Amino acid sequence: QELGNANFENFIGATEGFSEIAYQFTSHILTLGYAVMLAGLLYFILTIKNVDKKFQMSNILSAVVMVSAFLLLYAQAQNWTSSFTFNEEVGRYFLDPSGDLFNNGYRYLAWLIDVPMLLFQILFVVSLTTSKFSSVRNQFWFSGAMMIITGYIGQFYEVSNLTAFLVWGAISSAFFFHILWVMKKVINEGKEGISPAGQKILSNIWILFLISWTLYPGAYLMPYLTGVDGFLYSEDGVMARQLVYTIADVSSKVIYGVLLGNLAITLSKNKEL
């Protein structure tokens, strides 16, 4: 069947189809996804006044990211259940083109909000030393945009053109490495002149940032992580991808925002929690 430049979920759904567990779990994990984000939105708004005025922009930017993540994860949850329909004869869920093909591209364009804001918000909690605020922000935003746009293009070809998929993925990775480099500097400078408690939290933020952000390229490659005709090029890979995205999203956005909020509390003159 002719699917063109479509995500591998559609090829699995169109040929093998999805078992009850594969279809239900993907739906459940996406639902948890958007549930977490709307819960996070409420948390970040309600905890604004727990930190000094100077730090509250970080809470606001966390909230901004929650709204974006919620809307996108909600939309993507609906796209999943629309794109795959139960076949009574074989008892599996197959591609339902009437619901449109499933595409992860929704997530990517959403990142155009998330990435810039997540990178930006830490600069409202930590004080830079040697690096200039405007410089770090511009590097984050430029490399953030380029990372997303190049990855966005690549993922359309994840089945139709493995070469384009890997080249665009490679280019995207370059910009990612640059972001990791800059965020490392920001963490280091942020540690300078603050309590050991605040330094400990920034150490945790860096580990969280490194793992959670690396999961995204992992999700990108998921179908081919077990090579050609591998275990992962299947419904199991489809489940894995959306699980990894959901773990990444919760970690990179919510847990990240909570740690920043806790850092803001330690750096606050009035608050001591």
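Start at 1 and count along the sequence shown; that's the residue number.
Asker: Looking at the deposited entry, does 153 to 161 or 130 to 138 carry the larger mean Cα B-factor?
Answerer: Between 153 to 161 and 130 to 138, it is 130 to 138.
Asker: Would you tell me which stretch averages the higher CA B-factor in the PDB entry, 209 to 217 or 32 to 40?
Answerer: The deposited B-factors put 209 to 217 ahead on the C-alpha mean.
Asker: Checking the entry, which one of 62, 26, 47, 226 has the top C-alpha B factor?
Answerer: The listed residue with the largest C-alpha B-factor is 226.
Asker: Which third of the chain does residue 96 land in by C-alpha B-factor: lowest, middle or highest?
Answerer: Residue 96: CA B-factor falls in the lowest third of its chain.
Asker: Against its chain's modelled residues, does residue 90's Cα B factor rank lowest, middle or highest third?
Answerer: CA B-factor rank for residue 90: highest third.
Asker: Taking the entry's C-alpha B-factors for this chain, is residue 125 in the lowest, middle or highest third?
Answerer: As the PDB entry reports it, the C-alpha B-factor of residue 125 lands in the highest third of its chain.
Asker: Please place residue 181 in the lowest, middle or highest third of its chain according to the CA B-factor in the PDB entry.
Answerer: CA B-factor rank for residue 181: highest third.
Asker: Would you check the entry's CA temperature factor for residue 239 and let me know if it's in the chain's lowest, middle or highest third?
Answerer: It falls in the bottom third of the chain.
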